[PDB]
Every structure is written in structure tokens, then in C-alpha cells.
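Residue numbers (the UniProt record's numbering), protein chains in the order written: chain A, 796 to 867; chain B, 868 to 1012; chain C, 1374 to 1445; chain D, 290 to 506. Accompanying notes for the structure given below.
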């Protein structure tokens, strides 16, 4: 953000004949994640559903993003 | 560099007449002095140090040494509009003309900042409303922060 | 009215007659024809420069830094 | 020809001052497929008797203001056979007077800028300098100066070819309030100086030396 925001630069030849670059920047913030559990009490053999709202975990806009459990 | 109409909008072909110089149509000045590049035979003055004004400008990365070097032209907006437009960009440094009465001009030995100097443009109408020669102009100020 | 050593001085010359060009910030003091000189007992600055506040104001200003003596 | 595609070739250099030289017009020096299609035969002294009223003559001025840098040059394309007759290293492709036609050098040799037009349809009456790949015969020089121009004349009405530069604008356009991870947002550049062909869509490819500028992050 601020001075470190990603910026694209384009060197340019102006109508006054002098070379003057043009540029734009956009900030790339990070997001605070929350995790929640759908119910406050469960019983044996109840479905428990876990949701994580972290925008930073989306790494591709075309594909569904999946995270899996480790068995090693 | 061999004609009185140097670094001005007009023609290399020229004559000396009563009203002034016949080949001059428009020029640009800083502090009421022609904005011209230090070239020719009379640009050997070094000023305070041993560096001539021409190389003195080059070390500052300036390529807009005068009006002729910016590529300034007057272009008619339409085929028959009768309105002419040109543009250029103000430089950080310029080289003053010491004596305008010699051809080529004699240039100073040290570059000067353009900040705090007025800028003017002068147009010479060969035919005014009565068909007589007159010169007209506009002025503005270069500032710094 | 009274200063101290190593103190900063501001000078204001109100000389409307030196407003030569209405669209240029005018300078006084840099020439043999029109010199200025700021001096203390022992030391001086000659052909000092003062500049116009605005282009057609006709007020000239400058500043000098006093320095005192090295043996103290 | 009412059934075929008509080809014409012009000597247009109006500043060739050699006493023997004249601006001239030739018929079917090439085909519509850029083949030979026959010899070049003078028509300049007969155009008065063929009902030409100021409308059969093409002239070109490469440097109108005589600034020393020529604005327009000429190049081969798919509907003509143009050759660089002065191939010396001392000259380059910006010298319009270094091109000619090899088979016809008396009147279309070095200097005397040859220009070829081809009929857009068998019986249309509309001619052009472009070919099917959109490569014109007439091209602006690489070192051309802003504000300077050339003059191309048909039917005793000249037209200027003005050289100018365009201010660019770049702007990243975020789809919603924040640019988050894994979201494509558009980047748009507007610069007329990169549109070097009005009949083709152009990409800013790194690999092409003739694309002068590329955006970078």
C-alpha cells in the first residue's frame, strides 16, 4: 500500500516532443481471516460444517481453490 | 548560423530593411533575449570556469538547448482554419546571448536557470488591418516552488 | 533591532522602481551598476543577490546566516 | 479494363531536376498479383488527347519544408516489384531516391520515386496503395520530425501528410473497491503513436523491435 503499491510504468513520446512516462498504481492489501463453526452445540453423528472467510486464500480466479489434510 | 534569422520561425533567405529583418515571423525569448542554442564560431567563452556554455548544458542532460532544438513548428489546425498552434517544454537551464549585433550571436560562458525569468513570444504581421507591418506579443512568468 | 551570533537574518528591500519587467522576478545587487553588500566589522559579502517576492509586487527579499568565530 | 484489375505506375518525384526527367504515367507495368505484366510506355505527351483534365498525374514531395529529414519513403509490397538500387551501407531505407524498378531503369530508375496503385475490384474505379496484407507502398520514415509534412497530389489538389505525436494515458481499472488475490482487472493504454496501421490490429510484442514502448511492472 501507499509508496509500495504495485505500479505499471509506460515510457511515452508526448505531442510536445519530449519523453515523459505515464504510470498508474493500485494497492494490494491483505485480509484478516475469520473461522466459524455453524452451531454452538453438536450431538453425536451431527454434521459439523467449517467455513473460513479469508480473501487472501484465493490464488486463481478461473479454478476452485482446495486445501487437503496431511497423512504422513 | 550565417543568417540574422537564427533560432526563429521564418526563412533562412532574408534581407535587412527599415522595419527590421524580412525573414523573421515568430521567436521566443527569456528575459527579453532570444532563446538560441550555443553553436557557431562565437561560443568559445568559458565564463568563471574553463567549460564553455554548450558543454555546460550537455552535462545537465538538457537537449532543449534553444527553440530550434525542441522541434517547435507552427501548424494550421485545419486545411483553411487560419489558426496555427505550436508547443514545446520549458527547460531547467539556458545559455544567454551576450551580443545580438554579430552573426553568429556571441554566447555567455555560464548556463543560467530559467526560474524567475519572464517568457515572451513575438509575432510580426506583414499585413495588419491596413496592410502595414506591426509586431505583437504575449508574456508569462516562469516560477519555482 | 538586536541579533545574536549564528542567528539568521531576513532582509526586505521595498524598492518599487526596480520592477523592470511585470512578468519576471527582478534581481538587485548582483552587478557593479547596482551592488549590495552585507557586512559586519571584519567580514563582508559583496555583490549579494536579492529577488522579488512575486513578479509585479516590487518587494525584494533575502537571508544570510551568521556563523560566529571558530576559536571559542 | 472492365473485366480485370487495372494497375498503374507513376514517376512522382517533383524535385528530380535532371533536364531529361519528367513526371510521367505508365499502364500495367505490374499485375494485380505483383508480376511483370509488360514494359513501361510513356503517356505524358498524350494525356491531353485522351480527355485528361488535370486528373491522370500523381506527384509526391517527400520533404515539403526542406528541413533535411525526409518525412515519407517507399517500400515493396504484394502488388509491385520495387528494388533498392543503391544498396551502399552509407544510405538506408529512409532514402526514397535509392529505390527504383530494375527492369525499367530509363524512366523509373534511381531517384524519380515510383508509386504503384491497384484497382480494388475488376470494375470499381477505386484504387489504393495498400495490398491484401495491409502493406502500403508509402511509409513514414523512422527519424521523421514532429510538425514537418509531405505533399501527395492527384487531380491538382494536394494533401499534406503531417507527422505528429500523441499524449498517452495508462490506467489500471479495479472491478470493485479493493484488488484482492486471484482477480484479473484490466489495464488500458491509449497511445495513437502505437497504432502504426489503420487497417490492422496491433500487439505490443517484446520480440518485435518496431514496437517502441512496452508497459512494465
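Quick reminder that beta carbons are idealized off the backbone N, C-alpha and C, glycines included.
By how many angstroms is the C-alpha of residue j removed from the C-alpha of residue i?
i                      : j                      : result
residue 1388 (chain C) : residue 1414 (chain C) : 26 Å
residue 423 (chain D)  : residue 819 (chain A)  : 34 Å
residue 295 (chain D)  : residue 408 (chain D)  : 5 Å
residue 912 (chain B)  : residue 944 (chain B)  : 42 Å
residue 894 (chain B)  : residue 991 (chain B)  : 9 Å
residue 805 (chain A)  : residue 431 (chain D)  : 20 Å
residue 469 (chain D)  : residue 458 (chain D)  : 24 Å
residue 1425 (chain C) : residue 1435 (chain C) : 9 Å
residue 860 (chain A)  : residue 797 (chain A)  : 29 Å
residue 875 (chain B)  : residue 354 (chain D)  : 15 Å
residue 403 (chain D)  : residue 311 (chain D)  : 12 Å
residue 421 (chain D)  : residue 480 (chain D)  : 26 Å
residue 502 (chain D)  : residue 360 (chain D)  : 22 Å
residue 867 (chain B)  : residue 307 (chain D)  : Because residue 867 (chain B) is not part of the residues shown, which for chain B are 868 to 1012, the question remains open.
residue 1391 (chain C) : residue 965 (chain B)  : 22 Å
residue 1403 (chain C) : residue 1409 (chain C) : 7 Å
residue 427 (chain D)  : residue 394 (chain D)  : 20 Å
residue 1419 (chain C) : residue 1411 (chain C) : 7 Å
residue 878 (chain B)  : residue 301 (chain D)  : 26 Å
residue 349 (chain D)  : residue 328 (chain D)  : 23 Å
residue 341 (chain D)  : residue 304 (chain D)  : 23 Å
residue 471 (chain D)  : residue 490 (chain D)  : 29 Å
residue 397 (chain D)  : residue 935 (chain B)  : 37 Å
residue 918 (chain B)  : residue 910 (chain B)  : 11 Å
residue 890 (chain B)  : residue 949 (chain B)  : 20 Å
residue 1441 (chain C) : residue 1416 (chain C) : 11 Å
residue 413 (chain D)  : residue 326 (chain D)  : 21 Å
residue 947 (chain B)  : residue 447 (chain D)  : 13 Å
residue 356 (chain D)  : residue 400 (chain D)  : 19 Å
residue 908 (chain B)  : residue 869 (chain B)  : 10 Å
According to DSSP, is residue i part of a helix, a strand, or is it coil?
i                      : result
residue 1008 (chain B) : strand
residue 298 (chain D)  : strand
residue 935 (chain B)  : helix
residue 403 (chain D)  : strand
residue 483 (chain D)  : helix
residue 959 (chain B)  : coil
residue 469 (chain D)  : coil
residue 505 (chain D)  : strand
residue 1389 (chain C) : helix
residue 1404 (chain C) : coil
residue 863 (chain A)  : coil
residue 1374 (chain C) : coil
residue 798 (chain A)  : helix
residue 851 (chain A)  : helix
residue 1410 (chain C) : strand
residue 1430 (chain C) : coil
residue 1422 (chain C) : coil
residue 832 (chain A)  : strand
residue 394 (chain D)  : helix
residue 377 (chain D)  : coil
> Of the residues that make up the stretch 800-812 of chain A, which ones have a beta carbon closer than 9 Å to any beta carbon in chain B?
Replying inline: Listed in sequence order: 809, 810, 811, 812.
> What residue ranges within the stretch 415-448 of chain D form continuous beta strand (DSSP E) runs of no fewer than 3 residues, ordered along the chain?
Replying inline: Listed in chain order, the complete beta strand (DSSP E) runs (minimum 3 residues) inside the stretch 415-448 of chain D are 427-429, 438-443.
> Going along the stretch 889-901 of chain B in order, which residues come within less than 8 Å of chain A, judged by CB to CB distance?
Replying inline: For the stretch 889-901 of chain B, no residue has a beta-carbon sitting nearer than 8 Å to a beta-carbon of chain A.
>> Under 8 Å, CB to CB, which of the residues in the stretch 823-844 of chain A have a partner in chain D?
In response: Here the close residues are 823, 824, 826.
> Between the stretch 950-963 of chain B and the stretch 801-815 of chain A, do at least 3 Cβ pairs fall closer than 8 Å?
Replying inline: The stretch 950-963 of chain B vs the stretch 801-815 of chain A: in contact.
> Taking contact to mean at least 3 C-beta pairs separated by less than 8 Å, is the stretch 928-945 of chain B in contact with the stretch 965-972 of chain B?
Replying inline: Remark: fewer than three beta-carbon pairs, one from each stretch, lie closer than 8 Å, so the stretch 928-945 of chain B and the stretch 965-972 of chain B are not flagged as touching.
> Between the stretch 436-452 of chain D and the stretch 371-379 of chain D, do three or more beta carbon pairs fall short of 8 Å?
Replying inline: Flag = no, the stretch 436-452 of chain D and the stretch 371-379 of chain D do not touch.
> Do three or more CB pairs link the stretch 433-442 of chain D to the stretch 458-467 of chain D at distances below 8 Å?
Replying inline: The answer is no - the stretch 458-467 of chain D does not touch the stretch 433-442 of chain D, with fewer than three Cβ pairs under 8 Å.
> Okay, do the stretch 983-990 of chain B and the stretch 1001-1010 of chain B touch, 3+ Cβ pairs below 8 Å being the bar?
Replying inline: With the rule of 3 Cβ pairs closer than 8 Å, the stretch 983-990 of chain B counts as touching the stretch 1001-1010 of chain B.
>> Across the stretch 972-981 of chain B and the stretch 921-930 of chain B, are there enough close Cβ pairs to call them in contact, namely three or more that are closer than 8 Å?
In response: At 8 Å Cβ cutoff, the stretches touch.
> Which residues, taken in chain order from the stretch 984-998 of chain B, show a beta carbon closer than 9 Å to some beta carbon of chain C?
Replying inline: Listed in sequence order: 984, 985, 986, 987.
> Can you list the beta strand (DSSP E) stretches of 3 or more residues lying completely in the stretch 298-323 of chain D, in chain order?
Replying inline: Counting only runs of 3 or more, we get 313-316.
> Taking any Cβ of chain A, which residues in the stretch 452-465 of chain D have a Cβ under 8 Å from it, in chain order?
Replying inline: Residues of the stretch 452-465 of chain D with a C-beta less than 8 Å from any C-beta of chain A: 453, 454, 455, 456, 457, 458, 459, 460, 461, 463, listed in chain order.
>> Quick check: the stretch 900-910 of chain B against the stretch 880-889 of chain B, are at least 3 beta-carbon pairs closer than 8 Å?
In response: No, they do not touch.
> In chain order, which continuous runs of the beta strand (DSSP E) of length 3 or greater are located wholly inside the stretch 962-1003 of chain B?
Replying inline: Listed in chain order, they are 964-966, 985-992.
> Which residues, in chain order, does the stretch 1406-1420 of chain C contribute to contact with chain B at a C-beta distance below 9 Å?
Replying inline: Those residues of the stretch 1406-1420 of chain C that come within reach of chain B (Cβ to Cβ, closer than 9 Å) do not exist; the list is empty.
> Looking at chain B, which residues of the stretch 1393-1407 of chain C have a Cβ within less than 8 Å of any of its Cβ atoms?
Replying inline: Those residues of the stretch 1393-1407 of chain C that come within reach of chain B (Cβ to Cβ, closer than 8 Å) are 1394, 1395, 1396, 1397, 1398, 1400.
>> To be precise: take each residue of the stretch 931-942 of chain B, compare its Cβ to all Cβ atoms of chain D, and keep it if any distance is under 7 Å. Which residues remain?
In response: Flagged, chain order: 938, 940, 942.
> In chain order, what residues of the stretch 947-964 of chain B put their CB closer than 8 Å to some CB of chain A?
Replying inline: Listed by position along the chain: 954, 955, 956.
> Along the stretch 465-482 of chain D, what residues have a CB closer than 9 Å to any CB found in chain A?
Replying inline: Cβ contacts with chain A come from 467, 468, 469, 470, 471, 472, 473, 474, 476, 478, 480, 482.
>> With three or more beta-carbon pairs closer than 8 Å as the criterion, would you say the stretch 482-493 of chain D touches the stretch 834-852 of chain A?
In response: Using a Cβ-Cβ distance cut-off of 8 Å, the stretch 482-493 of chain D and the stretch 834-852 of chain A are not in contact, since fewer than three pairs of beta carbons, one from each stretch, lie closer than that value.
> Considering only residues of the stretch 880-946 of chain B, which uninterrupted beta strand (DSSP E) runs meet the minimum length of 3 residues and lie entirely inside it, listed in chain order?
Replying inline: Considered as a whole, the stretch 880-946 of chain B harbours 891-897 as its complete beta strand (DSSP E) runs of no fewer than 3 residues, in chain order.
> Name the residues in the stretch 358-370 of chain D whose C-beta lies less than 8 Å from a C-beta of chain B; which are they?
Replying inline: Answer in chain order: no residues at all.
> the stretch 1417-1444 of chain C: which residues have C-beta closer than 7 Å to a C-beta of chain B, in chain order?
Replying inline: Result list: 1424, 1428.
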